[PDB]
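What follows draws every value from the coordinates through simple rules; no lab data is involved. Quick reminder, even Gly has a Cβ in these numbers, built from the backbone with ideal geometry, and neighbours come from all protein chains shown.
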Amino acid sequence: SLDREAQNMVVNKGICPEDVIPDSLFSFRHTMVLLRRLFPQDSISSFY
Amino acid sequence: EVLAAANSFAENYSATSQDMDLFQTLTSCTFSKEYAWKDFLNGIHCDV
């Protein structure tokens, strides 16, 4: 039910994946730097 | 949740010309009498 809910809110109006706040104690900057440091990824794909 | 949203908005906020114009209006003219009162209060140092 919530999967269809989220899919409909994303299709009907585009929402950038930065303004989505899972909970009030969630920080986008910190979470993303923690995740990249934890799981390294290739930068050539992002740049080339 | 309101405080978290306020933090998120104020974090990635870049001041535009129109916002600075509005804030300059607010601080310079529409709040003039109150600031006059506050500036008067300082400078009334009193002795015993």
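Brief remarks follow.
- Test: residue in segment A:3-13 that is more than 14 Å from every other protein chain (Cβ to nearest Cβ), of a type outside the set (D, E, K, R) and exposed (fewer than 10 other Cβ atoms within 10 Å of the Cβ): yes
- Residue under evaluation A:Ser46, criteria (1) surrounded by 10 or more Cβ atoms within 10 Å (Cβ to Cβ); (2) away from every other protein chain (no Cβ under 14 Å), criterion not met: (1)
- All helices (runs of 4 or more DSSP H) inside chain B with 1 or more residues being more than 14 Å from every other protein chain (Cβ to nearest Cβ) and not basic (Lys, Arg): B:17-25, B:32-41
- Of the residues examined, B:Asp39 is one that is exposed (fewer than 10 other Cβ atoms within 10 Å of the Cβ) and either closer than 30 Å to A:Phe28 by Cβ or not hydroxyl-bearing (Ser, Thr, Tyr) (or both).
- A single entry from A:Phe47, A:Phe28, A:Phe39 fulfils the requirement of being out of contact with any strand residue (DSSP E or B) (no Cβ under 7 Å at 6 or more places or on another chain), of a type in the set (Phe, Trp, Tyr), under 29 Å from B:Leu3 (Cβ atoms) and without any contact (Cβ under 8 Å) to a residue 24 or more places away in the chain: A:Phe28.
- Some residue of segment A:20-28 being within 14 Å of another protein chain (Cβ to nearest Cβ), in a loop (DSSP other than H, G, I, E, B) and touching a helix residue (DSSP H, G or I) at 6+ places or on another chain (Cβ under 7 Å): yes
- Checking each residue in segment A:29-43 for being of a type in the set (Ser, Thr, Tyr) and away from chain B (no Cβ under 14 Å) picks out only A:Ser43.
- Looking only at segment A:10-38, residues that are more than 15 Å from the chain's Cα centre (by Cα) and farther than 18 Å from B:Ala10 by Cβ come to 5 in all.
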